[PDB]
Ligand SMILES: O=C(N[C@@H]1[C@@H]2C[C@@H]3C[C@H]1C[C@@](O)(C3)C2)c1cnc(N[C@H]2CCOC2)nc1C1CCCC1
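One chain is shown next in structure tokens, namely the form solved without the ligand.
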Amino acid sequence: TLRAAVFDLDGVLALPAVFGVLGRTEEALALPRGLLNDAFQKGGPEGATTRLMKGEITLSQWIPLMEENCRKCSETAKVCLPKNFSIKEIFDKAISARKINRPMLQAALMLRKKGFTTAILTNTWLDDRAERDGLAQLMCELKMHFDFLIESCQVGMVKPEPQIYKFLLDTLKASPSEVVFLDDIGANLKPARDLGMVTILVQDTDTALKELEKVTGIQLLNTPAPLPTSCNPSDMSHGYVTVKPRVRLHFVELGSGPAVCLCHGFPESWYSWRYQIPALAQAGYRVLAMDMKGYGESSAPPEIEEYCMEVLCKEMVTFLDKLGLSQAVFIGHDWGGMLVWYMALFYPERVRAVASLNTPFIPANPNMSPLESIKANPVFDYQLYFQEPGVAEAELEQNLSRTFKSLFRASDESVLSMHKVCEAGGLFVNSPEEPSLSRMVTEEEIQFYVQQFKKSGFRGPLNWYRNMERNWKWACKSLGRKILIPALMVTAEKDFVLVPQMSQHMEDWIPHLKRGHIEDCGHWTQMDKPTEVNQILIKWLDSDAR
């Protein structure tokens, strides 16, 4: 039975194939049919291209050799190459036009998710052209989704030489009958068939996937839309900055470009952004996903006052200073969304742009105590339950799996009622001991949160709610200000605590405010609707944060 799937790059995972662009160039230049492809393969195993594909020479060294083979071929065909004929320009355009064939990658992704060992096997070159980054980026995006990447120029062997297939089988640790091999060139498919591998001749992707799904017994065509790429914690770059003597902030970092600082809510983790981190990096940003103060690998001092907005914002400024960043775009959710509005109000010169998921911006009322304000709305009762030190910690730390399974649920999977929490005596009094797994989370994702919370528990995280009076006094100093830097408010239709209507008057204080809105989305926005979060954020980043 099949356990491995191997994919070619050109004409399989990437379209159009170079071979196909040479064909179009021949037509456009009115050259004899096949002239360029003939010059490309000239000399066969003893030719310039085999040396290139084996990594003997670089692409820039090969260009003159190709130029000569074209001149030679045009001489034998008794034709003239045009005036400004250029291999460099034809090849820059061909490499540039090549994009990932998304349904083919999607099928490879499904096979791997279903237990298959996946690999990319390609005849490729050492690219030293000035525009080599284009291909480097393509390879980077592809390679992360496969168990192996086998490049001709790195192993010194080429398809269709029998040796590269025997090398392939060795790296896969599989017998030929256990492998499906996908290739758009019949000649390169032949040695794979000869060894006893299942082979697919890729012409149109749809027929190739029909043959691939029939042979594997795994549905690849007509599948429901997949979730965006997530994060494996052990595969990320982990960073640590000391912001003051006893306080260190931990973050996960991915990508290059403008810095985007992601700030989670209560009781979360940098991991709550797992579905946005790969997407924003791929979109052209340097993502810094925090473990906010009190969480995960960041320090968790016990004092309440260490968690007031004024100190938290000051530490985020120091965090940028120490990393050598004059600005970052700040994206927050829940308590993180609150922090982010305060960064914009108190440190606008350090904030490139600001976005909040669910948390509205409501100016402090100077004529009313924040505790009076909280009492006025029944959906905020859980916040009064969180006031007394030790009470909510005892309930939330009793059984970590139960806490996370009860909280991280979709709008329809409701297991908690945040009104009369104090009266009932807890968040979980009418909740099961062993809750069912929500559709948004896997058992393994829940266990990651359980492991993070074993370090410091809930004291630090609950302290974010224990500075109502302190935050109110500090917020009152900003009452004469408006937020005039680029800003985005994302409301979630079914968040029954941070209701979309609580955001209705934000335009009075943020005149240029931009909005996003997600239907059928509860409180846990990033994991409830990851695809739609990614779409909204990327579109806003690309228009407003550069």
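Position 1 is the first residue in the sequence shown; the rest follow in order.
We do not show the form deposited with the ligand bound, though everything after this point is about it.
Only one of the listed residues (315, 184, 297, 306) places a non-hydrogen atom within 4.5 angstroms of the ligand in the entry with it bound, and that residue is 184. The listed set 230, 106, 373, 447 contains one residue whose heavy atoms approach the ligand in the entry with it bound to within 4.5 Å, identified as 373. Of the candidate stretches 364-372, 109-117, 281-289, 77-85, only 364-372 has residues whose heavy atoms lie within 4.5 Å of the ligand in the entry with it bound. Contact annotation for residue 243: none of its heavy atoms lies within 4.5 Å of the ligand in the entry with it bound. Taking non-hydrogen atoms only, residue 60 never approaches the ligand to within 4.5 angstroms in the entry with it bound.
Contact check for residue 377: a non-hydrogen atom falls within 4.5 Å of the ligand in the entry with it bound. Contact check for residue 497: a non-hydrogen atom falls within 4.5 Å of the ligand in the entry with it bound. Residues are counted as partner-facing when one of their heavy atoms sits within 4.5 Å of the ligand in the entry with it bound; in 518-546 these are 523, 524, in sequence order.
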